[PDB]
4 protein chains.
Amino acid sequence: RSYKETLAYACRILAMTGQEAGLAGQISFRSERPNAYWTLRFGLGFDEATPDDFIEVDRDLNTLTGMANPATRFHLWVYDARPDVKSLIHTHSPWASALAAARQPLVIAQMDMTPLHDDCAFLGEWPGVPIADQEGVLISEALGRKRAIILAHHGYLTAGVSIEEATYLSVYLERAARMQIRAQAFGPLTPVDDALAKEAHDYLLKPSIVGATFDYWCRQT
Amino acid sequence: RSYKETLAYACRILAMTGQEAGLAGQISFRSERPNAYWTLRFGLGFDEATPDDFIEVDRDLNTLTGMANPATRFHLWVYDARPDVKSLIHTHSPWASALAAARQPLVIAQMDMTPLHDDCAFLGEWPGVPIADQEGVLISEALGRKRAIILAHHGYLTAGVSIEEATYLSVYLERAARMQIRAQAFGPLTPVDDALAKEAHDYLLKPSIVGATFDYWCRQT
Amino acid sequence: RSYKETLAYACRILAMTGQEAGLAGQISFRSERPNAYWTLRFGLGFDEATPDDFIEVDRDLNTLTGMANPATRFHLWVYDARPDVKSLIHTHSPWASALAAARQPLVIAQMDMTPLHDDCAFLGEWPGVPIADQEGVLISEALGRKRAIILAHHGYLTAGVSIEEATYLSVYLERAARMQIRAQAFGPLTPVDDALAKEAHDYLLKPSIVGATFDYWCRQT
Amino acid sequence: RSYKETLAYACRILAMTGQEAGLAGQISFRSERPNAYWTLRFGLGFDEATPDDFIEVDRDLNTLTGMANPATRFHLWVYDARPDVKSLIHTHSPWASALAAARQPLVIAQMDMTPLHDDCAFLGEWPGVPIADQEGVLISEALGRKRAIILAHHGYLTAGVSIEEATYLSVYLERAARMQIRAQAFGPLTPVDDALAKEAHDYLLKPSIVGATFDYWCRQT
Ligand code: NI
Ligand code: NI
Ligand code: NI
Ligand code: NI
């Protein structure tokens, strides 16, 4: 499977799991060329993405292979800060945006939430509509070494070492948000023990489990 | 794209996003002739609307081109009060009606809610089943210059300068209501800063963003 | 449209609007012969109902035209107490059952809830699994002259003067329950004024509005 | 109907009712050979299960008929402790996992919840990612003679005397969790009387009702 069809599959999986709110959905894949990234072109939604819809652009959004969503220009900043990351996803999914609107960080209280235990930062500042510089610097510093970040009053972003892991973390974060919001009906949520959480975090992020789960999602589109 | 197929597309987008509760859904488009508007004929739902289902009627609901939903007669009153508005949508969508049933105005707490920041009025009075005169005057005075209004114990109405902007505001209001209701689980909601909210309000209501998002929704029907 | 296809259409509308929880769904239509009713045969769900699946049975569940769901035997008791009623629906729909599980009567707080204003009784007693005699007598006395009743720890039942009105009330009750439950997030719900509620109750239950809305739902199946 | 197609049908019913969260879904059927069980092979989701996808494995996960999901190895432990049980289901369904994340046992407050009255244990300890020995022993001791168990911070498991009853209990538990969570909006939930609950528990778990409801679900896939 080439990276262009893996990118298109990830977009279908994101829409299949209900992670699209207009054209806010963004996905990128680190290009072999420095200061460049592969992303979805402007005006296209997640579930209508084909391999021929992802284009390579540079730091100035010059489509150097194959017009990209200009709100993805900040992706190069976090790519710069994290060489281990090859793919990024940022959407305004319903449950994750509700958590972000209430300024609520994730509370790891169930097994499927552990992939984000000690791996989901929280950026309390909502900068409005900043330039790619301010937005890119703000998220990079707040993301740190973590695999995901909840952006208050905004949504989330996932930083995966592959398109598969970024999609994996993206689907699990949104369902983690739904789970946390529903469990809130019984009052404040008690988190699980950190030692077991990290243990479950490591088991659920295994490349064999991540790869097989992604393949399962592909066959569903 | 002609206005008749844009009207039919808007109805499909409204039903696609779950904004129909029986035959309560109403949509209108200002006619070139004064004291006349284009609307959907009686008995038809949103997702079964075709370009040949929208008819022109006057102040007395006389179908002067192509029987209209008589509960849309009040649309001419707000058209009279706002010459900048060319399209109107009024539905009893599930999340917006729940917000209206609880007498709850919108609290702008997330980025996708900003299109309604300082642009969503609240009519606390529910007049029951008034004549088109009383209902038209009540909503016009309460709507003011705003792009939308929550009608307590009823639903909402959007006033757009085009069918595309009315549909745009309609979809974002309903998902704003869903977001606010879900975020309420954590207690009262803290709104975002007004200066950034207006800034995000202006960016998200850009005609290029509104037009592209509408096109994306059309390709989905 | 014959009554056999109207019964089958009502079942599809009930399943279309998500009102099935296993084989608990029951629908009946008063037969021309006394002490007899038309109902759906045992083992069939709502969305697989055809006109040839409704059979006439008597007080002893003897299929005298065309084996019926024996839990519908109590329908004859309420038919006896209300000669104006020709159709009955009883389901364990998700939102209405949640309201019944919490022993919560309907609070009319939105326009689409008015068809049940002063028309939805509440039976606080859950009798378990009673015989058709006890269950039939208990519901008849508690239903009174009302068009619907919430059965605590159970579900609801609608009593319509036609299959169309029973389906109409059934769909609006379930969405009334969903609306009330969601609006509860903001605290206790303030009901609308009774005078306007009865006025809206009378407008929304007009046979022309009920008939047109039913036709719209049929074209959707 | 052979047991291989009954197993495949159960998986489709589980996915039809929304009981899949990645590849966490597990189903097993006791084999005629001791210390062996029939389960779904690794990497496959519930709704893509065919009769030719279930394989027989022993205590060491050696596929002795037809590679199985190794997280199902603990199924043999509970099979050992309960000879009356022939089928087991363990999923991380959304509503049941939210209940488990909040450490909330089921409160029987509605008729369709009674199949689990005095039949749903609660394991407060979440062991993380234990070996099949620890996980198998922990669940067996906590399950006892009950037909289901809520696993805190995890999900649930159902122990049925057939694939049909395990699927039956599985679907009703998840909808019981959804019902309880939604009813929580009105405050703490008052449970029904135990005598009637056990009576309704016995009526709803009748093999004729369980078998007919399973057949209805099969015709829906
Ligand atoms: Ni964004
Ligand atoms: Ni209205
Ligand atoms: Ni019942
Ligand atoms: Ni598990």
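Residue numbers begin at 1 in each chain, while the letters A, B, ... track the order of the sequences. Computed from heavy atoms alone, side chains included, the values below leave out hydrogens, waters and symmetry copies.
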Hey, could you give me each pair passing salt bridge (charged side-chain N to carboxylate O under 4.0 Å, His left out) that has a residue in residues 153-164 of chain D? Not counting sequence neighbours. D:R1-D:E164
In a check of side chain to side chain contact (heavy atoms under 4.5 Å, CB included) between C:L23 and each of D:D215, D:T213, D:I209, which one passes? D:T213
Given the options D:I108, D:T190, D:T114, D:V192, C:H153 meets side chain to side chain contact (heavy atoms under 4.5 Å, CB included) only with D:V192
Side chain to side chain contact (heavy atoms under 4.5 Å, CB included) assessment of D:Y216 paired with C:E48: CA-CA 9 Å; D:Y216 160 65; C:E48 58 186 4; 3.3 Å; yes
Nearest heavy-atom approach of C:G22 to D:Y172 is CA-OH, 4.3 Å
Side-chain touch D:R178/C:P94, heavy atoms, less than 4.5 angstrom: yes
What part of D:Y168 is in contact with chain C, defined as an atom under 4.5 angstrom from a non-hydrogen atom: side chain, backbone, both or neither? neither
Specify the closest pair of heavy atoms between C:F42 and D:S208, including all atoms of both residues, with the distance to one decimal. CZ-O, 4.4 Å
Is D:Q220 close to C:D47 at the side-chain level, that is, under 4.5 Å between some pair of heavy atoms? yes
Mind checking the CZ-CD1 spacing from D:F186 to C:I181? Nearest 0.5 Å is all I need. 5.5 Å
Nearest heavy atoms of C:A98 and D:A183, plus distance in Å: O-CB, 3.6 Å
Judged by atom type as modelled, is there a donor-acceptor pair below 3.5 Å linking the side chain of D:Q110 to the main-chain atoms of C:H154? yes
Within-4.5 Å side-chain heavy-atom neighbours: C:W126 and D:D193: no
Contact summary for D:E199 and C:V129, nearest pair of heavy atoms: OE2-O, 3.7 Å
Contact summary for D:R175 and C:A21, nearest pair of heavy atoms: NH1-CA, 4.0 Å
Contacting moiety of C:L44, where chain D heavy atoms sit under 4.5 Å: both
Looking only at D:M111, D:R219, D:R182, most heavy-atom pairs under 4.5 Å shared with chain C are made by D:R182
